[PDB]
Every structure is written in C-alpha cells, then in structure tokens.
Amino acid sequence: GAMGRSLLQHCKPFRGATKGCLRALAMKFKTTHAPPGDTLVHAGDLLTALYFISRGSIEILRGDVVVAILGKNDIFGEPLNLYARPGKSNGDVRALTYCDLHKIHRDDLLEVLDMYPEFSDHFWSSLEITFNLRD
C-alpha cells in the first residue's frame, strides 16, 4: 500500500520486512503534516512516539537555542527497546519548513515488533536515531 511504499524510503530500518510485517507496521504509522513553527515534541514530554522525516526541515532546541537541524530521512525520539517506561524529551522539536513525517506510537511499534522478533532485532540494530531526545 501507499504507506508501506512511503516507509521504504527509510531504507535500512525496513530492509527485510516481509509483506505481512511491512503491512502491520504501515497500519500503525501515520503521516504528520507539520506547518512551519509547529512543535512536535516539547521538552519534558514523555517520548511516546518515534519519528521519521519524509521531507522538510526540523529544528531541535535545547532550551531556546537551536542545536540541530534534521531533514529528509532523519529520525528523532529514543530507542524504545531499552526501558519499560518512556523517557522524557531533552529538547523541543519544531518544524522549520513545512514537514511531512512518518510517526508511530511507542506502544503500537512495540506491539507489531512482538510478532516479528527477528525483524525487531534488525530494526533496533540498524535504526540510527539522528537525534536521541532521551533526557
């Protein structure tokens, strides 16, 4: 489907997902369309979603200082497989330009990966989170 094809643009983490696995992931991902200036994550928020940027630019702030710019195929959040509870964000995440993001909630991603344990190992090993927001 269209979402599955969109997710494949994030090459390495989705490499090797079978049709059933990619379909199950795609059903839980949503496309977020953020206009300039919209804040996607506030400092201190629980890190309950993983974000893949499809296009557009994102500002990461620590305090009110811009500390990173993320763009196409960059990823932000925290690895979801390391703790039973979500961490809190060390920074604000805001759109610089119009942005299209693929967003999956933590609970939904972990539930899908329950059904695909070998893919889950590949996913967390090959995920290279561009900006780890864990405080």
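We number the residues from 1 along the sequence you see.
Note on 76 to 84 vs 94 to 102: mean CA B-factor is higher in 76 to 84. Relative to its counterpart among 36 to 44 and 56 to 64, 56 to 64 has the higher mean temperature factor, C-alpha atoms as listed in the PDB entry. When the modelled residues of the chain are ordered by C-alpha B-factor, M27 sits in the highest third.
Looking at the C-alpha B-factors along this chain, the one for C11 belongs to the highest third. In this PDB entry, the Cα temperature factor of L133 sits in the bottom third of its chain's modelled residues, the lowest group. When all modelled residues of the chain are sorted by CA temperature factor, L113 is found within the middle third. Split the chain's modelled residues into thirds by C-alpha temperature factor. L127 is in the highest one.
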